[PDB]
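Student: Got a structure for you, data_21.txt, holding compact mmCIF, C-alpha atoms and all ligand atoms.
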# COMPACT_ATOMS: atom_id res chain seq x y z
CA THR A 1 -7.27 29.46 -23.47
CA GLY A 2 -8.34 32.80 -21.92
CA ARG A 3 -8.56 33.64 -18.19
CA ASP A 4 -11.92 31.94 -17.45
CA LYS A 5 -11.48 32.13 -13.65
CA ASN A 6 -13.92 32.84 -10.75
CA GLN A 7 -17.30 31.05 -11.01
CA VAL A 8 -19.55 33.00 -13.38
CA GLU A 9 -22.88 31.17 -12.86
CA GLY A 10 -24.53 33.80 -15.09
CA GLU A 11 -26.76 33.16 -18.13
CA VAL A 12 -25.82 36.50 -19.75
CA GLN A 13 -22.47 38.25 -19.23
CA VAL A 14 -21.90 41.93 -20.04
CA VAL A 15 -18.46 42.69 -21.51
CA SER A 16 -16.49 45.39 -23.32
CA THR A 17 -14.22 45.10 -26.30
CA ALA A 18 -11.78 47.51 -27.91
CA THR A 19 -14.77 48.97 -29.80
CA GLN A 20 -17.69 48.98 -27.26
CA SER A 21 -19.72 47.10 -24.62
CA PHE A 22 -22.73 44.79 -25.19
CA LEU A 23 -23.85 41.22 -24.19
CA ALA A 24 -23.05 37.51 -24.58
CA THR A 25 -25.37 34.56 -23.78
CA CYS A 26 -23.88 31.21 -22.69
CA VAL A 27 -25.46 28.38 -24.73
CA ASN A 28 -24.45 24.68 -24.90
CA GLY A 29 -21.19 25.52 -23.05
CA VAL A 30 -20.52 28.26 -25.64
CA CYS A 31 -20.74 32.00 -24.91
CA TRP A 32 -22.38 33.75 -27.86
CA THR A 33 -22.20 37.51 -28.36
CA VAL A 34 -22.68 39.88 -31.33
CA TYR A 35 -19.83 40.17 -33.86
CA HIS A 36 -20.73 43.84 -34.51
CA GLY A 37 -19.24 44.82 -31.14
CA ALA A 38 -16.45 42.28 -30.52
CA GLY A 39 -14.39 42.57 -33.74
CA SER A 40 -10.85 41.66 -32.58
CA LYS A 41 -12.16 39.47 -29.69
CA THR A 42 -10.15 40.29 -26.50
CA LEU A 43 -13.28 41.20 -24.49
CA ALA A 44 -13.48 40.76 -20.67
CA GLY A 45 -14.08 37.36 -19.05
CA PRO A 46 -14.84 36.90 -15.37
CA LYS A 47 -11.67 38.94 -14.67
CA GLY A 48 -9.41 39.03 -17.78
CA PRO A 49 -9.56 39.40 -21.56
CA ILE A 50 -10.72 36.10 -23.12
CA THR A 51 -10.07 34.98 -26.73
CA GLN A 52 -12.91 33.97 -29.12
CA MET A 53 -13.11 30.36 -30.38
CA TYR A 54 -15.26 30.78 -33.52
CA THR A 55 -16.83 33.62 -35.58
CA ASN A 56 -19.71 33.37 -38.07
CA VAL A 57 -19.10 36.69 -39.87
CA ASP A 58 -21.56 35.64 -42.61
CA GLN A 59 -24.08 35.54 -39.72
CA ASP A 60 -22.42 38.26 -37.53
CA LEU A 61 -21.88 35.93 -34.55
CA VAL A 62 -18.94 34.79 -32.39
CA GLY A 63 -18.90 31.87 -29.92
CA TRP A 64 -16.24 31.36 -27.21
CA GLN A 65 -15.57 28.08 -25.35
CA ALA A 66 -17.41 28.62 -22.03
CA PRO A 67 -16.94 25.79 -19.52
CA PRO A 68 -16.61 26.29 -15.71
CA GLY A 69 -17.20 30.05 -16.20
CA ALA A 70 -20.81 30.00 -17.51
CA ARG A 71 -24.19 28.50 -16.53
CA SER A 72 -25.08 27.95 -20.21
CA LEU A 73 -28.82 28.15 -21.01
CA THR A 74 -30.75 25.42 -22.87
CA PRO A 75 -31.31 25.91 -26.61
CA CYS A 76 -34.63 24.07 -27.37
CA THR A 77 -36.48 25.44 -30.47
CA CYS A 78 -39.80 25.90 -28.53
CA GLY A 79 -42.99 26.01 -30.63
CA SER A 80 -44.07 29.02 -28.53
CA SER A 81 -42.29 32.31 -29.34
CA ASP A 82 -43.05 34.28 -26.14
CA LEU A 83 -39.35 35.06 -25.57
CA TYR A 84 -37.86 37.58 -23.12
CA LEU A 85 -34.90 39.94 -23.69
CA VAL A 86 -32.58 41.58 -21.15
CA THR A 87 -30.64 44.84 -21.77
CA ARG A 88 -26.96 45.39 -20.79
CA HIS A 89 -28.15 45.36 -17.13
CA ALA A 90 -31.77 44.05 -16.97
CA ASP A 91 -34.92 45.39 -18.77
CA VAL A 92 -36.97 42.17 -18.72
CA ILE A 93 -39.38 42.61 -21.65
CA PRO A 94 -41.37 39.99 -23.54
CA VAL A 95 -40.69 39.66 -27.29
CA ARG A 96 -42.64 37.39 -29.67
CA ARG A 97 -40.20 35.87 -32.19
CA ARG A 98 -41.31 36.79 -35.73
CA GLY A 99 -38.64 34.50 -37.27
CA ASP A 100 -35.26 32.92 -36.45
CA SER A 101 -33.80 36.42 -36.95
CA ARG A 102 -36.69 38.68 -35.80
CA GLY A 103 -38.65 39.28 -32.59
CA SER A 104 -41.55 41.64 -31.86
CA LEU A 105 -40.72 43.88 -28.87
CA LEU A 106 -44.02 44.12 -26.94
CA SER A 107 -42.65 47.24 -25.25
CA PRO A 108 -41.29 49.76 -27.75
CA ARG A 109 -38.48 51.92 -26.32
CA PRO A 110 -35.89 54.42 -27.56
CA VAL A 111 -33.29 52.44 -29.54
CA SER A 112 -30.66 54.48 -27.64
CA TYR A 113 -31.71 52.53 -24.53
CA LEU A 114 -31.06 49.28 -26.47
CA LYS A 115 -27.47 50.42 -27.20
CA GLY A 116 -25.44 47.49 -25.90
CA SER A 117 -28.55 45.28 -25.54
CA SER A 118 -27.33 43.36 -28.63
CA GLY A 119 -25.53 40.09 -27.80
CA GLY A 120 -28.11 39.42 -25.02
CA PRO A 121 -30.68 36.63 -25.34
CA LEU A 122 -34.39 36.05 -26.02
CA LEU A 123 -35.28 33.34 -23.48
CA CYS A 124 -38.31 31.07 -24.02
CA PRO A 125 -40.90 31.13 -21.24
CA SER A 126 -39.07 28.09 -19.71
CA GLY A 127 -35.51 29.56 -19.50
CA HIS A 128 -34.20 28.31 -22.87
CA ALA A 129 -31.97 30.70 -24.90
CA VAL A 130 -32.87 30.58 -28.60
CA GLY A 131 -32.07 34.10 -29.92
CA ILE A 132 -29.28 36.69 -29.26
CA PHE A 133 -30.26 40.29 -30.14
CA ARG A 134 -28.30 41.50 -33.20
CA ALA A 135 -30.05 44.73 -34.30
CA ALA A 136 -32.90 47.06 -33.30
CA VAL A 137 -35.65 48.17 -35.73
CA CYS A 138 -36.10 51.81 -34.77
CA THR A 139 -38.92 53.70 -36.49
CA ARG A 140 -39.49 57.35 -35.30
CA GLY A 141 -36.89 56.93 -32.52
CA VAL A 142 -37.76 53.67 -30.73
CA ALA A 143 -37.27 50.00 -31.72
CA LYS A 144 -40.50 48.39 -32.96
CA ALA A 145 -38.90 44.96 -33.58
CA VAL A 146 -35.70 43.16 -32.56
CA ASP A 147 -33.45 41.21 -34.95
CA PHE A 148 -31.25 38.46 -33.45
CA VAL A 149 -28.82 35.60 -34.24
CA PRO A 150 -30.20 32.05 -34.44
CA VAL A 151 -28.97 29.41 -31.95
CA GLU A 152 -29.03 26.84 -34.78
CA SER A 153 -26.03 28.80 -36.15
CA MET A 154 -24.20 28.09 -32.85
CA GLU A 155 -24.61 24.35 -33.45
CA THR A 156 -22.57 24.57 -36.69
CA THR A 157 -19.58 25.83 -34.65
CA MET A 158 -20.14 22.93 -32.24
CA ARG A 159 -19.95 20.53 -35.22
CA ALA A 160 -16.60 22.08 -36.20
CA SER A 161 -14.77 25.21 -34.98
CA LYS A 162 -14.10 26.80 -38.43
CA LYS A 163 -11.74 23.91 -39.43
CA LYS A 164 -9.91 25.97 -42.10
CA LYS A 165 -7.12 23.40 -42.44
ZN ZN B 1 -36.83 26.96 -25.75
Can the structure from this file be put into structure tokens for me?

Tutor:
Amino acid sequence: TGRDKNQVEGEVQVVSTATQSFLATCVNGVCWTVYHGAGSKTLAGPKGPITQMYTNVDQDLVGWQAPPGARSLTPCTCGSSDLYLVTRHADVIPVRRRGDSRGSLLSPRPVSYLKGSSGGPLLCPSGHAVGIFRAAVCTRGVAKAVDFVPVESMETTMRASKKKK
């Protein structure tokens, strides 16, 4: 079921697929990344291409089966929305969630800098992942608001991995 070797111990893992590179946040023992970047799965685990377990195309999301290769952050809805997002490498900025699919980036920046920041996570002020960046709202040439996938959508995969048959 994928390579999944070498201890990851990382809340967010940067990877690259046949189309591009972006981010994936481990949540509830499930690595979640952005569908508009993975496509035909086969990304890069700790050391080898891993296969995806589920894919919410209607929601543009894909969740793998992370186990001993992921720290997995805590979901928790959090009444407070002072979240924090990290870019492909770091960029720790505070974003106030404006909805389950929207967050207000307190620090506007050129959307080009957010290229690959999608698939990351908006962590509550306590270290709880509740939103994975899905799209940047760029006005003149900088994102003035971040759109992201809801963690509640990850729970549906946990209830049943697609279950087509
Ligand atoms: Zn939380």

Student: Using only C-alpha atoms, which residue out of A:124, A:15, A:10, A:150 lies closest to residue A:78?

Tutor: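 Residue with the minimum atom-to-atom distance to residue A:78: A:124.
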
Student: Leaving out residue A:133 and any residue of its chain fewer than 2 positions from it, which residues lie within 12 Å of it when counting all atoms listed in the file, given as a ChimeraX atom specification?

Tutor: /A:12,22-25,32-37,60-61,83-88,95,97,100-105,114-123,129-131,135-137,145-151

Student: Just the number, please: distance in Å from atom CA of residue A:91 to atom CA of residue A:154, one decimal.

Tutor: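 Atom CA of residue A:91 sits 24.7 Å away from atom CA of residue A:154.
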
Student: Which one is closest to ligand ZN 1 (chain B): A:75, A:158, A:152, A:99? Count all atoms listed in the file.

Tutor: A:75

Student: Measuring between only C-alpha atoms and all ligand atoms, which one of A:57, A:27, A:142, A:93 shows the shortest distance to ligand ZN 1 (chain B)?

Tutor: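 For ligand ZN 1 (chain B), the nearest of the candidates is A:27.
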
Student: Quick one: residues within 9 Å of stretch 46-55 of chain A, all atoms listed in the file, excluding same-chain residues fewer than 2 positions away - as a list in words?

Tutor: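 Surrounding residues, per the criterion: residues 1, 2, 3, 4, 5, 6, 7, 8, 13, 17, 35, 40, 41, 42, 43, 44, 57, 58, 59, 60, 61, 62, 63, 64, 65, 69, 157, 161 and 162 of chain A.
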
Student: Export C-alpha atoms of the chosen residues as a tab-separated table (two decimals), in the frame of the given file?

Tutor:
chain	number	residue	atom	x	y	z
A	1	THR	CA	-7.27	29.46	-23.47
A	2	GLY	CA	-8.34	32.80	-21.92
A	3	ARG	CA	-8.56	33.64	-18.19
A	4	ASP	CA	-11.92	31.94	-17.45
A	5	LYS	CA	-11.48	32.13	-13.65
A	6	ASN	CA	-13.92	32.84	-10.75
A	7	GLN	CA	-17.30	31.05	-11.01
A	8	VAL	CA	-19.55	33.00	-13.38
A	13	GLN	CA	-22.47	38.25	-19.23
A	17	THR	CA	-14.22	45.10	-26.30
A	35	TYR	CA	-19.83	40.17	-33.86
A	40	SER	CA	-10.85	41.66	-32.58
A	41	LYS	CA	-12.16	39.47	-29.69
A	42	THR	CA	-10.15	40.29	-26.50
A	43	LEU	CA	-13.28	41.20	-24.49
A	44	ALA	CA	-13.48	40.76	-20.67
A	57	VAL	CA	-19.10	36.69	-39.87
A	58	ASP	CA	-21.56	35.64	-42.61
A	59	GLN	CA	-24.08	35.54	-39.72
A	60	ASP	CA	-22.42	38.26	-37.53
A	61	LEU	CA	-21.88	35.93	-34.55
A	62	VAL	CA	-18.94	34.79	-32.39
A	63	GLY	CA	-18.90	31.87	-29.92
A	64	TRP	CA	-16.24	31.36	-27.21
A	65	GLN	CA	-15.57	28.08	-25.35
A	69	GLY	CA	-17.20	30.05	-16.20
A	157	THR	CA	-19.58	25.83	-34.65
A	161	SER	CA	-14.77	25.21	-34.98
A	162	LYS	CA	-14.10	26.80	-38.43

Student: Can you tell me how far atom CA of residue A:138 sits from atom CA of residue A:98, in Å to one decimal?

Tutor: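 Between atom CA of residue A:138 and atom CA of residue A:98 the gap is 15.9 Å.
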
Student: Using Å and a single decimal, report how far atom CA of residue A:16 sits from atom CA of residue A:89.

Tutor: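 Interatomic distance here is 13.2 Å.
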
Student: Nearest to residue A:26: which of A:132, A:38, A:70, A:106 is it, counting all atoms listed in the file?

Tutor: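 Selected residue with least distance to residue A:26: A:70.
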
Student: Using only C-alpha atoms and all ligand atoms, pick whichever of A:92, A:76, A:31, A:18 has the shortest atom-to-atom distance to ligand ZN 1 (chain B).

Tutor: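 The closest residue to ligand ZN 1 (chain B) is A:76.
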
Student: For residue A:74, which of A:96, A:109, A:159, A:128 is the closest residue, counting only C-alpha atoms?

Tutor: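 Of all the options, A:128 lies closest to residue A:74.
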